[PDB]
Amino acid sequence: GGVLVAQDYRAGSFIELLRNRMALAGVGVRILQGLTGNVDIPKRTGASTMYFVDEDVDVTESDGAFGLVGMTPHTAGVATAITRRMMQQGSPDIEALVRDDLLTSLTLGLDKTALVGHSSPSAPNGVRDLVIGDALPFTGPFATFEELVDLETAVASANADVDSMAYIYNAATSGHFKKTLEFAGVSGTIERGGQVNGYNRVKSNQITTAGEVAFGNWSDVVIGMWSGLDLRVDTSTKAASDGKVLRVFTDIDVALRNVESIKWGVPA
Amino acid sequence: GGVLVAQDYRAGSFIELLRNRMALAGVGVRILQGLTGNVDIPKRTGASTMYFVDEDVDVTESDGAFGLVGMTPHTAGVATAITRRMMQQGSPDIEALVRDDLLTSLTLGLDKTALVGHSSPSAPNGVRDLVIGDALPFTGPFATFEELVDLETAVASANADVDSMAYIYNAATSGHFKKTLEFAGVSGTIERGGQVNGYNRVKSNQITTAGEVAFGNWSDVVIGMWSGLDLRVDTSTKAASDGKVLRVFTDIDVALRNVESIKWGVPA
Amino acid sequence: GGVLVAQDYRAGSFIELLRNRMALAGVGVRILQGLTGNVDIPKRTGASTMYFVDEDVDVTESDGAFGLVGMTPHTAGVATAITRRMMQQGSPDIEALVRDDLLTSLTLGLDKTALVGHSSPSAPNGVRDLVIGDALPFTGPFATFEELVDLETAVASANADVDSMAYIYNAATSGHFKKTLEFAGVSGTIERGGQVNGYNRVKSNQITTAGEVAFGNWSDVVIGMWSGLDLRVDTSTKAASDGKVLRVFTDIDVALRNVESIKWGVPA
Amino acid sequence: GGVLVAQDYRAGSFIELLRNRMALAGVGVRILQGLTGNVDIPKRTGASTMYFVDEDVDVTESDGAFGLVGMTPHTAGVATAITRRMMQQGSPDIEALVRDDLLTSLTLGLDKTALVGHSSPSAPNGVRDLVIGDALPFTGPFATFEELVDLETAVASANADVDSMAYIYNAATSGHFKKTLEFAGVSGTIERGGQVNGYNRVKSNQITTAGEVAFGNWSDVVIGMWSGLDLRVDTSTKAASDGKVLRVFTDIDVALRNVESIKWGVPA
Amino acid sequence: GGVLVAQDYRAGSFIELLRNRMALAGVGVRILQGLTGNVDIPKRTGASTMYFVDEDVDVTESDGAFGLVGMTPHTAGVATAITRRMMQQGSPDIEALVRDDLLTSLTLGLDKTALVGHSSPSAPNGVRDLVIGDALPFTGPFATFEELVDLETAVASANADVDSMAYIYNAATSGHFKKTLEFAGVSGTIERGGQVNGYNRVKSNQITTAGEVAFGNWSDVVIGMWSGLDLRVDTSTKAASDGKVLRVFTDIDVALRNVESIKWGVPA
Amino acid sequence: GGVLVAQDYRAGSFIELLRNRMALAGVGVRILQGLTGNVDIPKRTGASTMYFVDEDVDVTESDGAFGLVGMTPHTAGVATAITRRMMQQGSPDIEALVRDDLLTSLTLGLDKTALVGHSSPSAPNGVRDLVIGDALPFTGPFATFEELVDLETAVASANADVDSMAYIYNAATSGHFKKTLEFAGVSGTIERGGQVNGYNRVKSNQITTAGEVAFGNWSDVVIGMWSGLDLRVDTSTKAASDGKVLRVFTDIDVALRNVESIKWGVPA
Amino acid sequence: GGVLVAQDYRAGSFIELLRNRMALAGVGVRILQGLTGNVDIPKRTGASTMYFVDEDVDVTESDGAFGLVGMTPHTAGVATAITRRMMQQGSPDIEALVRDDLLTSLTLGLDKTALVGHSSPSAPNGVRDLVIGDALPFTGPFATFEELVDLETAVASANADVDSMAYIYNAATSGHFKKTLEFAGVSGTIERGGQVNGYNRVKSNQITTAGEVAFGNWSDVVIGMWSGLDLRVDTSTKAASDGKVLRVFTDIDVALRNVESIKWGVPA
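Chains as they are written, first to last, in the deposited numbering: chain D, 24 to 291; chain E, 24 to 291; chain C, 24 to 291; chain A, 24 to 291; chain G, 24 to 291; chain F, 24 to 291; chain B, 24 to 291.
As structure tokens, this is what we get:
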């Protein structure tokens with residue numbers, strides 16, 4: 024009764040405790056809303072000037088400029104297919120395994136494209152696209168403690184400070200900020216406790232680049248969600264040879280109130 | 024039924040969230056007064072000299088010098104216009120917007136001139152205009168911690184010492200005072216907990232220069248007011264088009280008592 | 024007379040306080056299960072992707088991939104003999120001595136074989152056997168504080184980090200961590216107060232080599248025990264002279280779900 | 024019309040808040056007395072010595088020297104003259120201003136010349152004149168902690184060390200003291216809050232030189248007042264114009280008991 | 024007529040304040056008991072070995088190894104004899120003195136020979152002799168900190184670690200520890216406070232050599248007291264000439280459990 | 024009427040506030056007595072050895088030695104002469120001055136020669152005289168922290184230590200201890216606070232040389248005070264000029280009981 | 024009032040009971056089941072052997088061999104369309120009328136391909152496809168009695184015999200058997216009543232070819248129903264003209280448990 028070829032009763036047990044995928048993290052500081060129709064908010068962007076004048080000499084007329092920000096829904100959506108046989112024989116089921124998979128793969132996609140601009144036309148330009156025009160280099164594969172304060176000045180130099188800001192960087196950067204001394208010979212390091220420079224960090228892997236770090240007042244970043252999550256189940260699109268496709272849509276747009284409330288550093 | 028046309032009914036939602044353009048922050052620790060006429064205050068600038076003399080020899084006569092400090096009203100004001108159609112259909116009250124912007128841009132405009140002398144003639148002389156005659160250089164883009172002690176001495180050396188002095192430096196400089204140690208590996212940075220060298224700072228953004236830093240007893244500068252912020256709402260002008268014009272005037276002047284009570288930084 | 028010879032009725036005492044074996048210590052922070060037949064676990068190893076489209080544009084269908092992990096029993100056993108006379112006249116009860124020897128000499132063998140694979144060809148593949156392909160050399164007889172956090176970032180980069188992870192290193196390596204500072208001039212040593220980098224250490228001797236360390240989320244491995252520790256008395260093998268032979272068998276195997284949850288040190 | 028040579032009724036508002044002159048400070052730790060005649064007080068120098076002898080072996084004799092210190096009035100005073108018209112039309116009381124100038128400008132002059140000797144014949148010998156003979160160099164534009172404690176030992180090495188002792192140095196030297204550590208790497212400045220090397224300081228401006236600093240028990244300086252301040256009013260002099268003259272006189276002399284109670288260090 | 028020679032009638036005063044000798048300290052950690060006959064206690068020295076079998080392959084039997092440690096009374100004596108005259112003329116009570124000098128000397132001799140083996144045959148084998156076989160050299164007159172934690176690791180690499188272990192070293196070594204730092208440029212000495220490396224120390228001079236330091240769990244050494252210290256004053260031995268002879272006997276033996284529970288470091 | 028020959032009337036004031044000669048300090052930790060005739064005390068200096076015997080072997084009798092330590096009074100005195108006129112016209116009472124000088128000049132000489140041996144035959148052996156053979160050089164002008172702890176080590180290395188000890192060093196040595204670090208990195212000075220190495224310190228210029236320093240249990244030094252401070256007024260020594268002479272005698276000697284209770288520094 | 028255009032009273036009777044298609048005959052003797060997921064069944068092959076031992080002989084061991092048979096689901100289905108008009112004017116409920124058309128035409132089609140394999144890829148191989156590897160030629164258009172009894176003997180020799188077997192042939196071969204003798208001059212015909220050789224026949228036209236005759240136990244054919252015959256009404260396709268489409272699907276597979284239980288004729 025050797026187990027080799029004459030006792031091949033041993034088959035697969037197939038315990039259904041699925042090893043699920045590893046997913047990234049998100050953000051928790053910004054603001055949002057649910058609405059309909061186009062939206063526009065007025066912006067000041069201009070102020071009157073002061074004139075010093077002699078006696079009996081007339082002053083002039085100075086008038087402020089104006090402008091308005093706007094948001095229009097750009098739709099997004101993921102869709103997948105399931106043939107008949109897969110539907111017939113799915114061990115954890117295919118009607119429910121793929122269902123939540125779609126939602127969890129779309130929520131993170133939206134959260135990523137809101138932060139970093141998705142490289143595709145007809146897609147809402149992300150925050151990194153609206154502020155990369157003044158990217159601060161780091162003259163090194165990573166950022167020293169000097170630059171992490173430079174970013175804070177470049178934001179405070181524009182009078183945009185609410186003393187509740189946050190840094191954002193991936194993990195491979197957070198590693199270097201863990202094993203690097205703050206100064207020449209002083210005790211502390213850069214990323215001690217949960218803070219960095221008195222402000223919090225988030226350590227999210229959404230920013231794919233290695234040494235790319237972002238800072239600024241995230242409170243004035245608005246995102247317009249015109250609709251929730253749809254999760255439309257379909258059968259007719261593939262029914263000649265039986266099959267059931269799944270799909271889910273959502274539309275969104277991103278904009279920020281002041282262009283300089285965020286600073287973006289790029290590792291040179 | 025696309026949304027390009029044949030769908031001209033999309034509505035531009037208008038939300039009332041006007042945001043004032045970024046503004047600076049003032050600095051008040053000074054001395055002021057409301058009055059009329061020209062003004063004058065006498066000041067002693069000389070003292071007698073003691074003489075040691077032997078038995079029965081005549082002493083010498085020494086005479087002190089005097090001086091006075093004078094101020095005269097300098098005039099400054101701002102104004103702008105509003106037509107009729109703009110006033111009627113305005114989503115926020117355009118009147119209130121202008122009526123607030125004028126006062127804000129004048130209040131902020133005055134003290135900046137008080138610190139840094141305005142570039143136009145017929146404008147009052149700022150503190151920087153008077154004390155820049157002597158000015159300690161810095162031998163670098165920013166001020167090493169030792170120069171911040173040289174300022175405190177150069178005032179103490181003239182025995183103008185009061186125990187409530189304060190530093191004033193640009194916001195962009197304050198970044199250079201948090202990434203720099205006092206001494207090599209000494210465990211303390213320059214600006215700690217909103218204090219420097221045991222004295223307070225203000226960290227205003229009025230000082231438009233990079234590394235200029237002022238210091239001294241600011242209870243020794245005197246500004247002269249002749250009239251508060253007078254808001255003249257004017258409708259007789261442009262009355263043929265029924266468009267009113269708003270204007271505001273105020274006269275000011277500034278001069279400090281002891282020239283050696285302030286010092287300037289002048290990075291070079 | 025004297026106590027030299029032929030005057031020896033002096034009692035010889037026999038106290039019952041055994042000196043023990045001085046074995047190693049365990050680990051025990053993992054998960055396990057009881058089985059039958061070969062087991063396979065499904066594991067999702069792909070994700071769908073979103074598509075940004077404007078009005079009236081089809082969304083592309085996208086699909087993920089799947090995979091599964093397997094386990095198969097490998098058997099480990101121990102056995103020993105005992106005669107009748109030893110049982111007849113034993114100073115402590117011998118059969119319990121040998122039973123406890125068997126049990127605690129098999130449990131520790133299994134623990135060691137889990138982490139480091141045993142040498143025999145018919146042996147379960149240890150964690151070191153699996154995750155050694157991704158190995159981070161140390162460029163020295165031990166590891167500095169740099170690499171000792173480099174492991175952490177090489178784990179957390181794959182999003183596979185849970186708040187409660189742990190380090191594992193040989194007992195002859197705890198001492199090196201103790202005698203070395205993290206950075207040059209600052210105070211503080213690596214093995215500091217029962218932890219190393221905010222995470223716990225275990226300091227076992229199962230790791231035979233000198234400077235091998237291992238870090239990762241220790242809830243991501245599974246050991247499959249097909250049968251508990253069963254004890255057989257086996258009186259019949261030596262009934263020709265009434266001799267028992269105690270033996271204990273057990274067959275297990277080990278595997279981990281996500282390969283990027285452990286990191287090996289392997290100093291060079 | 025506007026301000027013009029023709030239009031100028033505007034008056035000159037004369038506010039009587041006299042900005043005063045910036046004066047120096049003095050000392051508060053010495054002793055003195057109101058006197059007459061000429062004073063000589065004896066002080067012992069040296070004492071007898073101990074001798075060891077054999078049994079019935081002759082003993083020898085010794086002796087102890089003596090000495091005395093003396094003080095003689097040195098006369099000093101200041102005086103100025105005000106005309107007649109300037110008393111007729113004077114905005115404050117022109118007399119009282121001159122009186123309160125003379126009194127303080129004489130008190131400070133005497134306190135100045137007592138500490139550091141005045142540079143003129145017929146002037147009393149200041150402490151610097153009496154103790155500069157054994158002055159201690161510095162080998163630097165300023166003094167270092169080594170000398171800041173050598174000044175302490177050089178007083179202790181003469182048994183003249185007493186519990187109450189104080190440092191005295193120019194205000195320009197205090198800033199330098201602050202901007203310099205005590206040792207190489209330790210975190211500590213020379214002058215902490217109101218303390219130097221466990222002792223007090225006064226930090227006046229009387230010491231005209233930068234690097235000079237004095238130390239020692241200041242209870243050994245004795246100054247003698249032969250007469251209070253006179254403040255005599257003259258009218259016979261300058262009577263052809265009815266002009267008053269104000270004079271003050273005082274005689275004084277300074278001498279310290281034990282020459283080693285003070286130590287004086289000069290920069291070099 | 025003199026004091027020196029042939030006129031010396033002065034009596035030489037005798038004061039009974041005996042200046043005693045100087046003694047050592049001892050040890051206070053280990054365990055002991057009181058017994059009558061020989062004592063043997065059993066310890067296991069060998070365990071079964073695990074095995075992995077190819078399918079259908081018999082597991083081989085593995086047998087443990089046993090041993091036992093024994094203690095036999097080794098007897099000591101200490102005796103001295105005072106004579107009659109020395110007892111008739113004695114300023115302190117001489118037999119009250121020698122009786123103390125015997126007890127203290129015997130206690131300290133037993134203590135010293137228990138720790139360091141006495142250099143004589145028929146003397147119980149001291150702790151040092153059981154572990155001096157393997158000994159960690161120090162490469163210098165004393166052991167630095169890294170060399171000091173090697174004793175910790177050596178016991179740790181034998182699984183014999185207990186929560187309360189201790190260090191023992193000469194008093195001359197305790198100097199070389201109190202005056203040397205743990206790490207260069209860090210504020211910490213080796214023999215800090217009252218502990219070393221987080222473990223207790225006991226300073227004693229029993230270790231006659233210079234830099235030998237011992238370490239290990241001292242609760243693992245046992246010592247046997249067959250009979251306490253007995254005075255046993257004797258007269259009839261030296262009775263021919265009257266005398267009082269004193270002799271104190273005691274018989275003990277020392278033995279160790281886990282040889283690895285003690286590590287010995289010799290300077291070289 | 025100027026102050027010259029024409030003004031010789033002004034007198035010469037004599038004030039009786041004399042100044043005492045600044046003296047040294049003493050000692051407050053030793054022990055002494057008042058006695059007559061020679062003195063000596065017995066000191067045990069031998070320990071009875073022990074032996075390990077065989078089964079039936081007699082312990083070999085052994086003996087201890089005894090030592091006797093004693094002292095003999097040495098003499099010492101001082102004397103100063105007064106003439107007749109200087110006694111007739113003395114501004115303070117001259118005999119009072121010399122009688123209050125002699126007693127102190129003798130006490131401070133007795134203590135001086137007790138601590139440090141006088142350099143003259145027929146003078147008592149000072150504590151320096153008895154321990155200078157066991158001196159410990161300093162390889163420099165002053166001693167570092169290493170030798171400062173080395174003295175304490177070499178004292179306690181002879182079982183002669185007790186909790187109440189003290190250092191003694193010249194004022195200059197104290198100043199040097201104040202100006203240096205024990206380890207360059209560590210904060211604090213050799214003379215931090217009132218202690219030096221956990222024990223007290225007393226400084227006094229009695230020790231004449233630069234960096235000699237002593238340490239050890241000071242309650243181990245006895246002083247023999249045979250006679251008080253004998254005062255003698257001698258008028259007949261020189262009556263040919265009617266001039267008396269004052270003499271003061273006192274006999275003393277010093278010895279220490281346990282010789283290894285002190286050690287000396289002798290900076291090489 | 025005859026039956027012409029004069030009489031319009033008569034209407035179309037249209038009795039609803041439908042006629043039917045001339046469909047072939049099935050089998051209905053075999054086995055089936057309902058399952059899910061890929062399948063296999065463990066069969067046996069060979070067994071142990073019996074041994075006749077003497078009085079005291081041990082009986083020996085013979086190994087048993089094993090093996091399995093698996094099946095994979097092949098798919099099939101039919102579908103036809105229905106216009107909107109034909110659902111309004113259908114005299115029976117048209118969908119209920121077209122269902123039966125689809126279910127019977129599918130069941131019969133499955134019976135066809137199961138017995139004789141469909142000539143198309145992706146079609147489950149029929150019984151003829153599995154056993155035709157060995158079949159007795161006939162040497163003529165049909166088979167005599169000898170071959171029809173050899174078909175029985177070749178199965179009975181393999182012990183695959185069971186009483187309820189059956190022949191199968193095409194209607195034409197049955198007619199031929201009816202019109203011919205078993206042997207020349209023998210009254211009995213090859214086929215008579217319901218038997219051919221004492222066993223039953225089925226006389227179906229599923230075997231399209233002429234002359235092929237199959238024999239064997241038809242209780243060894245196993246077919247696997249992976250899903251009931253599900254009905255899918257489709258309305259999304261052809262939804263412009265409102266026409267709906269009916270569809271039906273199923274997944275089956277055929278495999279016989281004992282390959283030698285059937286034989287085939289295959290004339291020539």
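Where a beta carbon is used, it is the ideal one built from N, C-alpha and C, also for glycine.
> At what residue ranges does the segment 65-112 of chain E contain a whole run of the beta strand (DSSP E), taking only runs of 3 or more?
Replying inline: DSSP assignment within the segment 65-112 of chain E yields the following whole beta strand (DSSP E) runs of 3 residues or more, N-terminal first: 89-94 and 97-104.
> Taking Cβ positions only, does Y32 (chain D) come closer than 8 Å to chain B?
Replying inline: Taking the first sequence and counting its residues from 1, the one referred to as residue 32 (chain D) is at position 9. At least one CB of chain B lies nearer than 8 Å to the CB of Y32 (chain D).
> With 16 other CB atoms within 10 Å as the buried threshold, where does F89 (chain C) fall?
Replying inline: Stepping through the third sequence from its first residue, residue 89 (chain C) is reached at position 66. Flag for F89 (chain C) reads exposed.
> Out of curiosity, what's the CA-to-CA distance linking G156 (chain F) and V289 (chain F)?
Replying inline: The sequence position of residue 156 (chain F) within the sixth sequence is 133, counting from 1. The sequence position of residue 289 (chain F) within the sixth sequence is 266, counting from 1. The alpha-carbon atoms of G156 (chain F) and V289 (chain F) are separated by roughly 11 Å.
> Would you report the Cα separation of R270 (chain A) and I117 (chain A), rounded to the nearest angstrom?
Replying inline: Taking the first residue of the fourth sequence as 1, we reach residue 270 (chain A) at position 247. Taking the first residue of the fourth sequence as 1, we reach residue 117 (chain A) at position 94. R270 (chain A) and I117 (chain A): Cα-Cα distance of roughly 15 Å.
> Taking Cβ positions only, does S250 (chain E) come closer than 8 Å to chain A?
Replying inline: As a working mapping, residue 250 (chain E) is identified with position 227 in the second sequence. It does not: the Cβ of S250 (chain E) has no partner Cβ on chain A nearer than 8 Å.
> Taking 8 Å as the CB-CB limit, is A262 (chain F) close to chain A?
Replying inline: Start at 1 with the first residue of the sixth sequence, and residue 262 (chain F) comes out as number 239. By this cut-off, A262 (chain F) is not an interface position.
> Is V139 (chain E) helix, strand or coil when you go by DSSP?
Replying inline: Numbered from 1 along the second sequence, position 116 holds the residue referred to as residue 139 (chain E). In this structure, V139 (chain E) counts as coil in the three-state DSSP scheme.
>> As an exercise, report each continuous alpha helix (DSSP H) stretch of at least 4 residues that is fully enclosed by the segment 118-186 of chain F, in chain order.
In response: Correct list: 150-154 and 168-179.
>> Pull the bridge partners of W287 (chain B) from the DSSP assignment, please.
In response: Translated into the one-based positions of the seventh sequence, residue 287 (chain B) becomes position 264. For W287 (chain B), which the question treats as bridged, DSSP gives the partners B:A237.
> Which residues mark the beginning and the end of the beta strand (DSSP E) in which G198 (chain F) is found?
Replying inline: Taking the first residue of the sixth sequence as 1, we reach residue 198 (chain F) at position 175. Here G198 (chain F) belongs to no beta strand (DSSP E); instead the alpha helix (DSSP H) covers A194 to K201.
> List, in order along the chain, the chain E residues whose C-beta lies closer than 8 Å to that of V76 (chain D)?
Replying inline: Here residue 76 (chain D) corresponds to residue number 53 of the first sequence, with the count starting at 1. Going along chain E in sequence order, the residues near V76 (chain D) (Cβ under 8 Å) are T98, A99, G100 and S145.
> For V271 (chain B), which of helix, strand or coil comes out of DSSP?
Replying inline: The sequence position of residue 271 (chain B) within the seventh sequence is 248, counting from 1. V271 (chain B): strand per DSSP, three-state reduction.
>> I want to verify the contact list: residues of chain A whose CB lies under 8 Å from the CB of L58 (chain E), in sequence order.
In response: As a position in the second sequence, residue 58 (chain E) is number 35, starting the count at 1. For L58 (chain E), the C-beta contacts it makes with chain A under 8 Å involve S36, in order along the chain.
>> What are the residues in the segment 152-174 of chain E lying within 8 Å of chain A by C-beta distance?
In response: Interface annotation for the segment 152-174 of chain E against chain A: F168, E169, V172 and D173, criterion Cβ-Cβ distance under 8 Å.
>> Using C-beta distances below 6 Å, list every residue in its chain close to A237 (chain B), excluding the 5 sequence neighbours before and after it, in chain order.
In response: Translated into the one-based positions of the seventh sequence, residue 237 (chain B) becomes position 214. The residues are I191 and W287.
> So which residues of chain G does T176 (chain F) contact, with C-beta pairs closer than 7 Å?
Replying inline: As a working mapping, residue 176 (chain F) is identified with position 153 in the sixth sequence. Those within 7 Å of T176 (chain F) in chain G are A195 and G198.
> Helix or strand or just coil, what does DSSP make of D257 (chain E)?
Replying inline: Position 234 of the second sequence, counted from the first residue, corresponds to residue 257 (chain E). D257 (chain E) falls in the strand class under three-state DSSP.
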